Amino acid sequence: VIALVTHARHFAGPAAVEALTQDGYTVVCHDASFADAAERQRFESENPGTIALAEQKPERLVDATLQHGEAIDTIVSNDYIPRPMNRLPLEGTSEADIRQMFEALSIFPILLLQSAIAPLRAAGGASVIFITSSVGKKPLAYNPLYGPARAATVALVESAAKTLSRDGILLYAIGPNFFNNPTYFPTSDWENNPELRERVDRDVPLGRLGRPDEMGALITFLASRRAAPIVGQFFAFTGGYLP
């Protein structure tokens, strides 16, 4: 049983890879660094139960994946943009950086999903879980471009799920914030930045960063299809910060 995880080495990738693999999935992984055959050898060696794709184009990941199996049971569209770009203000930010925000967080996932419809349907169903952000639903002052791009994809989940659910393709969006991940809240920031500790104690009801195994637990639960009726919505993964 195979799953596809994108941007495997960033954001929610590690948490996704680990959970699925522990659940018995063979995890086909995509990552920009995989354009380097050495990095693929490294990744698969350090990550038993995985296959590192060389494919870099969003519309071609599904076909590259299918070379390793009859069907794709689950896709985790693990889209991101590197810190500190997530905090790009409006004033002063280049047109090229704005275009890039939409390319990485909006267009890439649309092309990936568009390409995955025919195969996933022919297979009888699958689950497509988009990792977005709390801002794809609720606005933050320092995220004036990152929000709109993340928002575009949560809408994509909500609208497309209206037709794809009838084909057994279950779409979901997860909206993290205050999530211990290498991109936005690495362990070292928490360990070395009291300011982040004070913000969490102040704004996160749970009182702590969310763990990657919890992220993975949610990933695996949705991948199970056991609660199919919650299809088509955005799930806050923020420790009570949202709503």
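Residue indices: 1-based, along the sequence shown.
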### Task
Pick between 104 to 112 and 82 to 90: the one whose mean CA B-factor in the entry is higher.
82 to 90
### Summary
With B-factors read from the PDB entry, the higher C-alpha mean of 50 to 58 and 36 to 44 is in 36 to 44
### Task
Going by the recorded CA B-factors, say which third of the chain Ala123 sits in, lowest, middle or highest.
highest
### Task
Taking the chain's C-alpha temperature factors as the reference, tell me which third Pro182 falls into: lowest, middle or highest.
middle
### Query
Ranked by Cα temperature factor within the chain, is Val135 in the lowest third, the middle third or the highest third?
lowest
### Query
Which third, lowest, middle or highest, does the CA B-factor of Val27 fall in along this chain?
middle
### Message
Could you place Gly216 in the lowest, middle or highest third of its chain by Cα temperature factor, using the values in the record?
### Response
lowest
